[PDB]
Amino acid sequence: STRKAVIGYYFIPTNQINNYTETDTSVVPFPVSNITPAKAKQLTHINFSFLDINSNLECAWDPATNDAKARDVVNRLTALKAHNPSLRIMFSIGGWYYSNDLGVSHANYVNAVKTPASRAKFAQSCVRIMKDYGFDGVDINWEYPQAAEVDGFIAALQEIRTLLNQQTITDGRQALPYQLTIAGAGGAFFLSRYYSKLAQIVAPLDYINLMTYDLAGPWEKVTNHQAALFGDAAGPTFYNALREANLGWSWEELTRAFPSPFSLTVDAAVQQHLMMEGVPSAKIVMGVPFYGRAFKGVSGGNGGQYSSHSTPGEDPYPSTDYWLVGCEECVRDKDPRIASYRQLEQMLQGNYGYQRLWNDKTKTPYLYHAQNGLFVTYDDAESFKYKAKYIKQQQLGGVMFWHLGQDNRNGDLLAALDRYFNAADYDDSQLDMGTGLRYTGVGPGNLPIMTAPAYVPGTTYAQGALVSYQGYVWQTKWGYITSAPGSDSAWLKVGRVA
């Protein structure tokens, strides 16, 4: 079957670009030189992060960036294409810092998508930046547009798509056409902002990269896995925000589509996308984290899972106290609540008191430090076996990860993902996916095929009766029904007619 995408974000802060060096990890912890030809072949896309949208409403680099240094970092990434003729170096506009509701550039995203004129100017600028610096496509990473801004956002993506397609013909790039993707919400609260129009949002895209991580963190009162594949009934459950999206569905429809409370998992985000009509599985890309999130003040009994904790949830980390034992990266970056997999692996080999445990429902690992009362949720090569099998089974487009610079020095996590999809000597045919909780919502745009007698006008139906009419199977919600199916409150669409 078609090769699965392996999309790795490459994030480098402005100060690191300005002082870019490949010989001092205290200045640039993960230079591009860490990506060898072998690693370049394991990737299909690298999303350079991040560019922004300025007050002139055009795509642009942070003005503090030294432009020559930026071109040089980008060149090192585009030079990797020499080793992999399928590789694309995309650039991502946005990210949380720039584009969140209270972000430094949020107004620019909202204003840029407002009118046909602003959208054209903004789209033209994305193509100009892509060609000027040598990128191969555009990833929009606005976190996140909401209700009133969605139509503009959709029109902007359509315009960018139109310009990129023309550029591909102009540049004779049919063999490796310019692409357009977005980073999408991987949890129902943020997803509810634009869920109703998902089909229109995904249509112009090669892929929608779901941010299926950060599903747990110090900002929540109960410790949990931040990227559980499936649910654990013993873990916390959440309000299903999609029930509040402007969908126009009935109470029964909303309830059947959006069980609540539910387990906030990777499988839930993926299935919520597939429930919508017009959202093809092949465009859905599952994101995975190359970092873990840590909590302190946890109780014993369940390895630190599902415990109250004493971890501040705000940003920036408000204290000078670095309590994640062995995490020297946390000290350098001034936050003991997050650590790259590279660092977590070193902690696990440093005999610091951590026990690596495994939850076989969620199919994810976690660290527990009994002596100090610490819990860390993270992902590794083992949880990726299950996530890679899920991507194959669900016919998803591939995997995305945040971020490359957090893999260990040998690039084991990236190598594992590539191995699970492509290695002749890896066989997951017997991998047991477990009995973790699956998301089982059904939407009016993903009904199962059902069979029932054609509706008969003039007939009075009892409660629970099933009939086929105008392409669907309908069920009555009460009795003495003398009206036909369709619009009328008494009938509920429950299946599709073959």
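The first residue of the shown sequence is 1; numbering continues from there.
Asks: Tell me which stretch has the larger mean Cα B-factor in this entry, 452-460 or 64-72.
Replies: It is 452-460 that shows the higher mean C-alpha B-factor.
Asks: Comparing average C-alpha B factors as deposited, tell me which of 364-372 and 386-394 sits higher.
Replies: So the stretch with the higher mean C-alpha B-factor is 364-372.
Asks: Checking the entry, which one of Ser49, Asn54, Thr440, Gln42 has the top C-alpha B factor?
Replies: By C-alpha B-factor in the record, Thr440 ranks first.
Asks: Just the C-alpha B-factor column, please: which of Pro289, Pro218, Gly186, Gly94 has the biggest number?
Replies: That would be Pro218, according to the entry.
Asks: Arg496: which third of its chain by C-alpha temperature factor?
Replies: Answer is middle: the recorded C-alpha B-factor places it there.
Asks: Please place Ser319 in the lowest, middle or highest third of its chain by C-alpha B factor as given in the entry.
Replies: Highest third, going by the recorded CA B-factors of the chain.
Asks: Looking at the C-alpha B-factor of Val473, is it in the lowest, middle or highest third of its chain?
Replies: Ranked within chain, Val473 CA B lands in the middle tercile.
Asks: Using the B-factor values recorded in the entry, state whether the Cα atom of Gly137 falls in the lowest, middle or highest third among the modelled residues of its chain.
Replies: Answer is lowest: the recorded C-alpha B-factor places it there.
Asks: Please place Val113 in the lowest, middle or highest third of its chain by C-alpha B factor as given in the entry.
Replies: It belongs to the middle third of the chain when residues are ordered by C-alpha B-factor.
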